[PDB]
Structure formats: C-alpha cells, structure tokens
Amino acid sequence: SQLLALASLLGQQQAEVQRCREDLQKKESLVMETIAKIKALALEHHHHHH
Amino acid sequence: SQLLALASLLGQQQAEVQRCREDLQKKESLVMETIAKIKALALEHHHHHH
Amino acid sequence: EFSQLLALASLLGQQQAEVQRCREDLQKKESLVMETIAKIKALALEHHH
Amino acid sequence: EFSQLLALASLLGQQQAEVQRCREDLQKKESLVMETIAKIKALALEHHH
C-alpha cells in the first residue's frame with residue numbers, strides 16, 4: 001500500500017533529521033564552551049589589574 | 001572596569017540562551033514522539049489490511 | 001478510521017509551530033550574546049594593539 | 001595582551017557560522033518530513049470521510 005512507502009520514507013527522513021540535530025547540538029556545545037572561555041578570560045583580565 | 005560589566009551581562013545573556021535552548025529541545029522531543037506515533041499508526045493500518 | 005492519526009497530525013502542527021517560535025526566540029537571545037561579545041572584543045583590540 | 005581572547009573570539013565566529021549553516025540544513029530536512037506527513041494525512045482523510 002501507499003501507506004507502507006510513505007511510512008518507510010518518513011522513518012528515513014526522520015532519521016536524517018535526528019542525525020542533523022545531533023550534529024547541530026554538538027556544534028552548539030562547542031560554541032558554549034568558547035563563550036565560557038571568553039567570559040572567564042575577561043574576568044581574569046579584570047581581577048588581575050583590579 | 002567595563003570588562004566586569006560586560007562579563008556579567010554575557011553570563012546572564014548566555015544563561016538565558018541555555019534556558020531557551022533547553023525549553024526548545026524539550027519541545028523538539030515532543031515533536032519527535034508525535035511523528036513516531038503517526039509512523040507506527042500508518043504501519044498498523046497497513047499491516048492490518050494487508 | 002484514521003481519527004487517532006488525524007488527531008496526532010493536528011497536534012503535530014501546533015507542536016511544530018511552537019518549535020519554530022522558540023527557535024526565533026533563541027536566535028534573538030543568541031544575537032544579544034554576540035553583541036556583548038563584540039563589545040568585549042572591541043575592548044580587547046583597544047588595549048592590545 | 002588579549003591575544004588568547006581575540007583568538008577565541010575569532011574562532012567563535014567560525015563556530016557560530018557553522019551552527020547557523022547546520023540550522024538551515026535542519027529546517028530543510030524537517031520540511032521534507034512535514035511533506036511526507038501531509039501525504040499521510042491526505043491519505044487518511046480520504047479513507048475516513
């Protein structure tokens with residue numbers, strides 16, 4: 001039936017969405033670690049002088 | 001110093017980003033569960049007849 | 001009878017619309033972060049070169 | 001000397017640009033999912049009403 005083809009395609013397309021989402025969340029975590037590094041560095045330059 | 005104010009603002013703004021991201025990921029998981037329910041239902045209607 | 005599937009498809013549209021709304025909120029909040037980052041970078045460039 | 005901070009700020013721009021590129025990819029792949037969902041819903045509406 002056409003339902004079988006669409007359900008198979010939906011499962012494959014949803015699997016591609018999850019693969020893309022997991023790759024995106026990893027790159028988002030990399031951005032967060034970089035931002036936290038900039039914040040800690042700015043706090044170092046502040047408390048070092050003052 | 002101005003570095004202290006910007007670092008404090010950055011930490012607060014980054015905290016708001018993480019709160020929004022965690023809320024978004026929960027709503028994304030709800031979409032995934034609904035899609036998986038539609039796929040399983042379409043497979044039921046297929047194998048029930050055929 | 002596909003009433004349960006149609007009810008889930010109707011709910012999916014509401015859920016997806018909320019996801020896109022939250023994604024717009026995340027973009028605006030991330031832009032504010034990058035605005036503060038640019039202020040920190042401009043301060044760093046002044047006292048370094 | 002803010003060389004380490006400036007180097008991290010330069011890396012952040014590359015990382016953020018990749019995040020936005022991946023978000024565009026996710027939107028296109030999600031739209032394909034919703035296209036198949038609409039085909040399933042149209043099939044369901046035909047055999048239900």
# chains A, B, ... in the order shown; residues from 1 in each chain; ligands from 1
>>> residues_around(residues="residue 28 (chain A)", least_positions_apart="3", cutoff="8 Å", atoms="only C-alpha atoms", output="PyMOL selection string")
(chain A and resi 24-25+31-32) or (chain D and resi 16+19)
>>> interface_residues(of="chain A", to="chain C", cutoff="12 Å", atoms="only C-alpha atoms", output="PyMOL selection string")
chain A and resi 28+31-32+34-43+45-46
>>> interface_residues(of="chain C", to="chain D", cutoff="9 Å", atoms="only C-alpha atoms", output="MDAnalysis selection string")
chainID C and resid 1:3 5:6 9 37:38 41 44:45 47:49
>>> atom_distance(atom1="CA of residue 20 (chain B)", atom2="CA of residue 17 (chain D)")
19.6 Å
>>> atom_distance(atom1="CA of residue 1 (chain A)", atom2="CA of residue 50 (chain B)")
8.0 Å
>>> atom_distance(atom1="CA of residue 2 (chain A)", atom2="CA of residue 4 (chain C)")
18.7 Å
>>> closest_residue(among="A:15, A:9, A:4, A:30", to="chain B", atoms="only C-alpha atoms")
A:4
>>> decode(residues="chain B", atoms="C-alpha atoms", output="PDB file, in the first residue's frame")
ATOM      1  CA  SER B   1      36.147  48.063  34.897  1.00  0.00           C
ATOM      2  CA  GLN B   2      33.953  47.837  31.803  1.00  0.00           C
ATOM      3  CA  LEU B   3      35.165  44.251  31.440  1.00  0.00           C
ATOM      4  CA  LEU B   4      33.379  43.284  34.650  1.00  0.00           C
ATOM      5  CA  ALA B   5      30.050  44.703  33.460  1.00  0.00           C
ATOM      6  CA  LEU B   6      30.257  43.058  30.031  1.00  0.00           C
ATOM      7  CA  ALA B   7      31.327  39.713  31.511  1.00  0.00           C
ATOM      8  CA  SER B   8      28.428  39.854  33.976  1.00  0.00           C
ATOM      9  CA  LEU B   9      25.994  40.734  31.183  1.00  0.00           C
ATOM     10  CA  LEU B  10      27.427  37.986  28.968  1.00  0.00           C
ATOM     11  CA  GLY B  11      26.928  35.381  31.689  1.00  0.00           C
ATOM     12  CA  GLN B  12      23.346  36.482  32.201  1.00  0.00           C
ATOM     13  CA  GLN B  13      22.596  36.548  28.482  1.00  0.00           C
ATOM     14  CA  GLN B  14      24.231  33.147  27.966  1.00  0.00           C
ATOM     15  CA  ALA B  15      22.145  31.787  30.848  1.00  0.00           C
ATOM     16  CA  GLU B  16      19.004  32.972  29.053  1.00  0.00           C
ATOM     17  CA  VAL B  17      20.179  31.271  25.850  1.00  0.00           C
ATOM     18  CA  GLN B  18      20.636  27.951  27.656  1.00  0.00           C
ATOM     19  CA  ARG B  19      17.218  28.231  29.312  1.00  0.00           C
ATOM     20  CA  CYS B  20      15.646  28.867  25.904  1.00  0.00           C
ATOM     21  CA  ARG B  21      17.638  26.050  24.287  1.00  0.00           C
ATOM     22  CA  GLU B  22      16.639  23.505  26.941  1.00  0.00           C
ATOM     23  CA  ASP B  23      12.985  24.509  26.555  1.00  0.00           C
ATOM     24  CA  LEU B  24      13.331  24.194  22.776  1.00  0.00           C
ATOM     25  CA  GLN B  25      14.930  20.739  22.944  1.00  0.00           C
ATOM     26  CA  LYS B  26      12.055  19.500  25.115  1.00  0.00           C
ATOM     27  CA  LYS B  27       9.508  20.745  22.573  1.00  0.00           C
ATOM     28  CA  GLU B  28      11.577  19.171  19.790  1.00  0.00           C
ATOM     29  CA  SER B  29      11.418  15.820  21.592  1.00  0.00           C
ATOM     30  CA  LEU B  30       7.631  16.191  21.787  1.00  0.00           C
ATOM     31  CA  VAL B  31       7.512  16.646  18.005  1.00  0.00           C
ATOM     32  CA  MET B  32       9.637  13.518  17.538  1.00  0.00           C
ATOM     33  CA  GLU B  33       7.343  11.415  19.733  1.00  0.00           C
ATOM     34  CA  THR B  34       4.284  12.628  17.813  1.00  0.00           C
ATOM     35  CA  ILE B  35       5.909  11.838  14.455  1.00  0.00           C
ATOM     36  CA  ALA B  36       6.888   8.362  15.660  1.00  0.00           C
ATOM     37  CA  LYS B  37       3.272   7.836  16.740  1.00  0.00           C
ATOM     38  CA  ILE B  38       1.998   8.766  13.270  1.00  0.00           C
ATOM     39  CA  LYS B  39       4.514   6.411  11.645  1.00  0.00           C
ATOM     40  CA  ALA B  40       3.557   3.487  13.889  1.00  0.00           C
ATOM     41  CA  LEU B  41      -0.143   4.157  13.273  1.00  0.00           C
ATOM     42  CA  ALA B  42       0.345   4.248   9.497  1.00  0.00           C
ATOM     43  CA  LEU B  43       2.207   0.935   9.716  1.00  0.00           C
ATOM     44  CA  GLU B  44      -0.689  -0.510  11.742  1.00  0.00           C
ATOM     45  CA  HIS B  45      -3.297   0.467   9.186  1.00  0.00           C
ATOM     46  CA  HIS B  46      -1.097  -1.100   6.501  1.00  0.00           C
ATOM     47  CA  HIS B  47      -0.413  -4.469   8.142  1.00  0.00           C
ATOM     48  CA  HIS B  48      -3.985  -4.726   9.460  1.00  0.00           C
ATOM     49  CA  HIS B  49      -5.490  -4.831   5.962  1.00  0.00           C
ATOM     50  CA  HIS B  50      -2.557  -6.410   4.105  1.00  0.00           C
TER      51      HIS B  50
END
